[PDB]
Protein chains: 4
Amino acid sequence: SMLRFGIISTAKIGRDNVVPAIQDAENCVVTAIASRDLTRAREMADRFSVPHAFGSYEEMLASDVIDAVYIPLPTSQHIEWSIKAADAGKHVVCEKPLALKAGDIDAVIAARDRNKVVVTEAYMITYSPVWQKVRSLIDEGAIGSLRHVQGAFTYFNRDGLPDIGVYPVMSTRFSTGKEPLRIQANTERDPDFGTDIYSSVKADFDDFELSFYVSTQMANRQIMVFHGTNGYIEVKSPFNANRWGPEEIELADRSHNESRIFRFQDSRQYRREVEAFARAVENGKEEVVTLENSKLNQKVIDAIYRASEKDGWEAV
Amino acid sequence: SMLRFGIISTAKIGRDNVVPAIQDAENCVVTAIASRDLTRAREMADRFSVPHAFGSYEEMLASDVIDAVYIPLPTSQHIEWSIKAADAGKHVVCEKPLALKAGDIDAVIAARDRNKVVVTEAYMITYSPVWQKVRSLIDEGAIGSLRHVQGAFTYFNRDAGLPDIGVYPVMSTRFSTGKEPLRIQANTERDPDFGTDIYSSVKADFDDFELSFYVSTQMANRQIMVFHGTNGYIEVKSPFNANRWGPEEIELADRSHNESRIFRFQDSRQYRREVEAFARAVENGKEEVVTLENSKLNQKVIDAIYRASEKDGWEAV
Amino acid sequence: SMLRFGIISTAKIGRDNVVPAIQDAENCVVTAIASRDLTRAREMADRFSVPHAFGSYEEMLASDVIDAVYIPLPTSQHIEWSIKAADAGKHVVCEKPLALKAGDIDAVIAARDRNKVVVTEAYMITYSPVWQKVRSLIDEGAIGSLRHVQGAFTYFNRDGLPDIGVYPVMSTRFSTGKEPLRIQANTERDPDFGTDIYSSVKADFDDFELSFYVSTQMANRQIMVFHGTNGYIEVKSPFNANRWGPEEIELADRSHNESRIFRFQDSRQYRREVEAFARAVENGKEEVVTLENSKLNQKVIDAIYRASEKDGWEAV
Amino acid sequence: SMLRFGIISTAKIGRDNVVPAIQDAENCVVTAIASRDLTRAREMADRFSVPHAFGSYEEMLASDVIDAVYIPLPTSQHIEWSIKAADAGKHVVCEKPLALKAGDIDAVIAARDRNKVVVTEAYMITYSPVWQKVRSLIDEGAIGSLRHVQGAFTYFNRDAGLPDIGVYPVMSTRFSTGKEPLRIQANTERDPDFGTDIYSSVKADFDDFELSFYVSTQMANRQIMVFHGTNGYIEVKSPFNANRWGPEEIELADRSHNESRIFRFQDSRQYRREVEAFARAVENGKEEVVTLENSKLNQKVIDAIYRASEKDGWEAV
Ligand code: NA
Ligand code: NA
Ligand code: NA
Ligand code: NA
């Protein structure tokens, strides 16, 4: 029996990645799409073999044709609709970042617990074999003691920064199981419309440091390197996976005279995400990203904002 | 309006690649799956959001809930079902290789023309931006004069065909160059136990250049194609299985090798492009789709490779 | 006519890289090696086809069989012997880092000018086609406006940190023609012997930031990436060149859908260094790293030490 | 005590690679250079810190200032000067290819044995850690059973040979496997104007596996060798010119391709390793250096490639 998904809006992330992945997925299916525009919803539904189209989110939430919703709305709309979906008895996969600040996630936790539904922030990377292999290799001692994590995530768009800043943070927290204690950061804003377009960050995790930069006005780039006393792990396509490059990691030894390449081509990380979610709904034991965790992640982002207003370290 | 696909059988190639690509595709959709085992069909249909499941191929063909069929059956069954589908008024995407012998394709051509439906062999690579770029770069003079094409396609399987991979170095070379080979030298080896072909090394003379490659069903997985000319070479990284093998990119190296250009086409979704091209062809009659005439020319090369494998020298195509 | 080199000591950097490069070089040759241990000098001389061996540095400096010296002594001995060589009328190639403090370089400048000899710090990378191509590409607008330079230089040795920290700094200054204004850094010391074994640095160059880390107790790694609005340049083997990997750079465009690879295999950067030095001796016009530039570089390193003792930014 | 080398001629291969490598080498040194043009010899000698320059080969061979010679003359001059050097009591490193025909090597063998000097053809690659690792990995079972070796060696030069590059795919395969080919199919093309050989495509049957490759003096620069087995494959990134071409490394891919190992040997200095091995062989008589007997077996393959190029099918080696 398939977990039945409803899609809130015809947003591009849904159209290009998640909706086709749900149709591909073994244990779920999309039964409905909802948009303020019935015509748009119907058009997307027709394309992807979806039986139902609704002219409002509320009408889909009230329906019994879905068990769960996917929410690829802008961040400013995540809390409202995650809560309404849960209050309608639906399980929720909400796109990252879940919230604008950490405290906002308490109300989503309350909605999860009160309605006894699964609610999770959509960090597809944490279901990828690539990131599971980074985490296991570090845990097995393959790089010795981790001392530095270095990375970057940039792209170019001139018509938000949190939407990419979260990734170096979540991937490091996931791979290590640790939380940073303090942050130094420097953020630059667009001269005209005043939004944040660049940030350089150093996070002290005590035993190691994470350093990275993000930008919405630089040439496309993404990389993460986990560097220890006995080796390093280079993640080639850390965030957008197959949409960026090969789904692989390199493990280099201490001298660099030998490396191992581990390949995970055609991993379909969005499909893995929704399959893990469906298992979690069915059995309650599957590792899915917890809201508690989502909150810890957002605490780091909030500390990065605070650090950007000061000259030195800011406690997380 | 979506072109409506029916799937003949629950074969793995359909389940793993083509069916999800049709659902992802902008101008088509899967409305039915058919299998001798109805339970199997229904299970697949449920998974992929497909409204209809049929307990026989004949029943799906007779239905008006599909406009077209996809046929991922074994080669020995391609001709029979391609023809029956066309005679039922359905357009046909048939998996490669279309036939066992070039001559067998004449009856499929007759079915296409008699029923006025689109019938095509499913060479997904020809709809990939990667292979379109190889073809345009060669045509623009980026490697000077083409002199040699070198490649390989191997995997390991001992659960107990070679044509299913041998066709790819041949089709990709023909597609990229627009030429046909005149003659072939080849050497083929068989499995000691079950007697089937498990290895072939081939050289094909295209007059102005040669193609050399080997294929095997009992070697470590590898795939590569290199188009090498007087002024550069093009290395195709992931020529056949694309994203399932590696990066969807090519390298153009200059004459000296002191400079290369890398062209990337990540997440091209070549199976989706294939069915989208097919749907356009059904709707307008002008879209480049692999013609049966071209399929026949391709099979003529494979047939010549069989003949060459029984001789010590060159065999004319 | 060949510029005749004398080698001060049988140090490993000389034996493994510079001495053979001088013999290979078109416009110079090694005529003498000097060591406190004459036997060692004679053994090295015999190996490399060098006619003279001396039992003291002073004796070689007094001789007319050399026109120039190469000095691969430890940093603490650079000033003394650079000055004595110049006062003996010899031109000087001194290994990096030239000095422990920027102010120490004034006496070397005085020796250069007083004796009218060429004196230069041995930044072999600045004579490499790789780094000349980075510089020209950035100057031509190939990456648009430079916004961030990210890199690393680490190796493992437990039997020092300035010897690698200078490289991210010099290569950035060389490639951009700019100086940093301020520095944030964090440095860690060996629990036992108290020396610096790790440093993470961010340098504000106003229009862009440089971030890097260095360590003498981590797996071998080296990389530099110059990242702008319209592309990025990745330098594959920035510092040790052929001893690390391919001598090449990748120029990626804004979208990453196309890159150019520029290759400079078998560049022999140490040979190119001494050839440039010999041309400078002969004509006075060749670009050679100036002591004034060496001093500017050391000012950055000094600022990194100072920054490591504070919470926030330190002015250079 | 350093083995003292004399260089016969100021040829470019010596100037660019071997002479500086001898000066770098731990157990030898260049003491003399000889050329018909004394001024040229003296200029080179001055550059490389070489104490003696001679105005004829004969005068250097008669001198006691050298123990050994390096001979980077054109192939047509190798036999003459290898023999004269040995007859003058000097050990010989002669550039590849040693001879034009296999039979020509018998007189060099006679000179080696008669004078009790070390004489070897300069296959620097066989002293490289890269090729030693290929050989050991194959021997250890890392790729299972070897089934196909595929490669290429091309460059572009149009002003007034193919053997100078054809020998490399052959020697590297023979070295890595320890086997000899039994028969050859080949096709060779000649320059329309000057009539020399500018392109060959070759397949060599080693019984258990085949070697396929092409070489050309009129194509974009390329070099690669892949040793492909049941269990894996080994890709040699910079097989022949090593650091001059690219990274000195190999990739060992497993059966599925889901894991590879990269072995790196940066700054191997293969020419220095060659002369160091040669000096050890002169001093102790036990060091592996390429034997003239092995050189002859190699040339037998090349001679069979010429013969195969004149016929339609297989030619026995
Ligand atoms: Na599904
Ligand atoms: Na579709
Ligand atoms: Na020299
Ligand atoms: Na030497």
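A quick note on method: Cβ atoms are made from the backbone with ideal geometry, for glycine too, and the neighbour counts reach across all protein chains shown. Numbers and lists here come from the model and the stated rules, or from a named source; no laboratory instrument gave them.
Here are the numbers for this structure:
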item: Boolean, C:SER49 is more than 10 Å from chain D (Cβ to nearest Cβ), away from ligand 1 (no atom under 16 Å from the Cβ) and out of contact with any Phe, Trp or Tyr (no Cβ under 7 Å at 6 or more places or on another chain); result: no
item: Flag for D:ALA32 being more than 16 Å from ligand 4 (Cβ to nearest atom) and of a type in the set (A, V, I, L, M, F, W, C); result: no
item: Residue in region B:257-268 that is more than 9 Å from every other protein chain (Cβ to nearest Cβ) and more than 24 Å from B:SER76 (Cα to Cα) present; result: yes
item: Members of region D:233-255 that are surrounded by 21 or more Cβ atoms within 10 Å (Cβ to Cβ), of a type outside the set (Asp, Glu), more than 8 Å from chain C (Cβ to nearest Cβ) and part of a loop (DSSP other than H, G, I, E, B); result: D:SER238, D:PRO239, D:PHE240
item: Filtered residues of region B:164-201 (kept if within 14 Å of another protein chain (Cβ to nearest Cβ) and closer than 26 Å to B:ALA142 by Cβ); result: B:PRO169, B:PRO181, B:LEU182
item: Residues (away from ligand 2 (no atom under 16 Å from the Cβ) and outside any helix (DSSP H, G or I)) located in region A:32-48; result: A:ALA32, A:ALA34, A:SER35, A:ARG36, A:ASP37
item: Some residue of region C:121-136 being of a type in the set (D, E, K, R) and closer than 16 Å to C:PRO238 by Cβ; result: yes
item: Strands (runs of 3 or more DSSP E) fully within region A:198-278 counting 2 or more residues that are facing another protein chain (nearest Cβ under 8 Å), out of contact with any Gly (no Cβ under 7 Å at 6 or more places or on another chain) and more than 27 Å from B:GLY246 (Cα to Cα); result: A:209-215
item: Filter result for C:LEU146 (more than 12 Å from chain A (Cβ to nearest Cβ), more than 19 Å from the chain's Cα centre (by Cα) and buried (at least 18 other Cβ atoms within 10 Å of the Cβ)); result: no
item: Top-ranked residue in region B:221-232 [being over 25 Å from D:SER260 (Cβ atoms) and not polar (S, T, N, Q); ranked as surrounded by the most Cβ atoms within 10 Å (Cβ to Cβ)]; result: B:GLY232
item: Region B:208-232, residues that are facing chain D (nearest Cβ under 9 Å) and not in a strand (DSSP E or B); result: B:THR230, B:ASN231
item: Any hit, region A:174-196, residues being outside any loop (DSSP other than H, G, I, E, B), closer than 22 Å to A:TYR232 by Cα, under 16 Å from the mean Cα position of the chain (by Cα) and away from chain C (no Cβ under 12 Å); result: yes
item: Restricting region A:86-116 to residues that are among the aliphatic types (A, V, I, L, M) and surrounded by fewer than 20 Cβ atoms within 10 Å (Cβ to Cβ), the residue that is farthest from the chain's Cα centre (by Cα); result: A:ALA88
item: In region A:171-218, the residues that are of a type in the set (A, V, I, L, M) and more than 23 Å from A:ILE249 (Cβ to Cβ); result: A:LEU181, A:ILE183, A:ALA185, A:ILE197, A:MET218
item: Scope region D:43-88; condition within 22 Å of D:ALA279 (Cβ to Cβ), more than 23 Å from the chain's Cα centre (by Cα) and of a type in the set (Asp, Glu); matching residues; result: D:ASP64, D:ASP87
item: Test: residue in region A:194-214 that is farther than 22 Å from C:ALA185 by Cβ, crowded, with 18+ Cβ neighbours inside 10 Å, in the same structural domain as A:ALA142 (by CATH) and of a type in the set (D, E, K, R); result: yes
item: Subset tally (residues that are among the charged types (D, E, K, R) and either in contact with a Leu (Cβ under 6 Å, 6 or more places away or on another chain) or closer than 19 Å to C:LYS299 by Cα (or both)) for region C:113-135; result: 1
item: In region A:1-20, residue farthest from ligand 3 (Cβ to nearest atom) [restricted to those that are buried (at least 23 other Cβ atoms within 10 Å of the Cβ) and outside any strand (DSSP E or B)]; result: A:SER9
item: A:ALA25 vs. criteria under 23 Å from B:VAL30 (Cα atoms), of a type outside the set (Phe, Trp, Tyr) and in contact with a strand residue (DSSP E or B) (Cβ under 7 Å, 6 or more places away or on another chain); result: no
item: Of the criteria (1) crowded, with 18+ Cβ neighbours inside 10 Å; (2) over 27 Å from B:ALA68 (Cα atoms); (3) charged (D, E, K, R), which one B:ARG183 fails; result: (1)
item: Region A:279-305, residues that are in a loop (DSSP other than H, G, I, E, B) and of a type in the set (A, V, I, L, M); result: A:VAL288, A:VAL289
item: Positions within region D:50-67 being crowded, with 23+ Cβ neighbours inside 10 Å and within 16 Å of ligand 4 (Cβ to nearest atom), in sequence order; result: D:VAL50, D:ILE66
item: Given (1) within 11 Å of ligand 3 (Cβ to nearest atom); (2) over 24 Å from C:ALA280 (Cα atoms); (3) of a type in the set (A, V, I, L, M), number of the condition C:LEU38 does not satisfy; result: (1)
item: Answer residue from region B:153-180, given it is surrounded by fewer than 20 Cβ atoms within 10 Å (Cβ to Cβ) and among the aromatic types (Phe, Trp, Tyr) and is nearest to B:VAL289 (Cα to Cα) among those; result: B:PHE175
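Residues are listed down the side, and each one gets a yes or a no for (1) within 16 Å of ligand 2 (Cβ to nearest atom); (2) surrounded by 16 or more Cβ atoms within 10 Å (Cβ to Cβ); (3) of a type in the set (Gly, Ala, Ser); (4) not assigned by CATH to the domain that holds B:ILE165:
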{"residue": "B:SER1", "(1), (2), (3), (4)": "yes, no, yes, yes"}
{"residue": "B:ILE8", "(1), (2), (3), (4)": "no, yes, no, yes"}
{"residue": "B:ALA11", "(1), (2), (3), (4)": "no, yes, yes, yes"}
{"residue": "B:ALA21", "(1), (2), (3), (4)": "yes, yes, yes, yes"}
{"residue": "B:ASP24", "(1), (2), (3), (4)": "yes, yes, no, yes"}
{"residue": "B:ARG42", "(1), (2), (3), (4)": "no, yes, no, yes"}
{"residue": "B:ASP46", "(1), (2), (3), (4)": "no, no, no, yes"}
{"residue": "B:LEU73", "(1), (2), (3), (4)": "no, yes, no, yes"}
{"residue": "B:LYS90", "(1), (2), (3), (4)": "no, yes, no, yes"}
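Residue-wise test of (1) under 22 Å from A:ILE164 (Cβ atoms); (2) surrounded by 20 or more Cβ atoms within 10 Å (Cβ to Cβ).
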{"site": "A:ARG263", "(1), (2)": "no, yes"}
{"site": "A:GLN269", "(1), (2)": "yes, yes"}
{"site": "A:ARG272", "(1), (2)": "yes, no"}
{"site": "A:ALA280", "(1), (2)": "no, no"}
{"site": "A:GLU287", "(1), (2)": "no, no"}
{"site": "A:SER294", "(1), (2)": "yes, yes"}
{"site": "A:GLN298", "(1), (2)": "yes, yes"}
{"site": "A:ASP302", "(1), (2)": "yes, no"}
{"site": "A:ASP311", "(1), (2)": "no, no"}
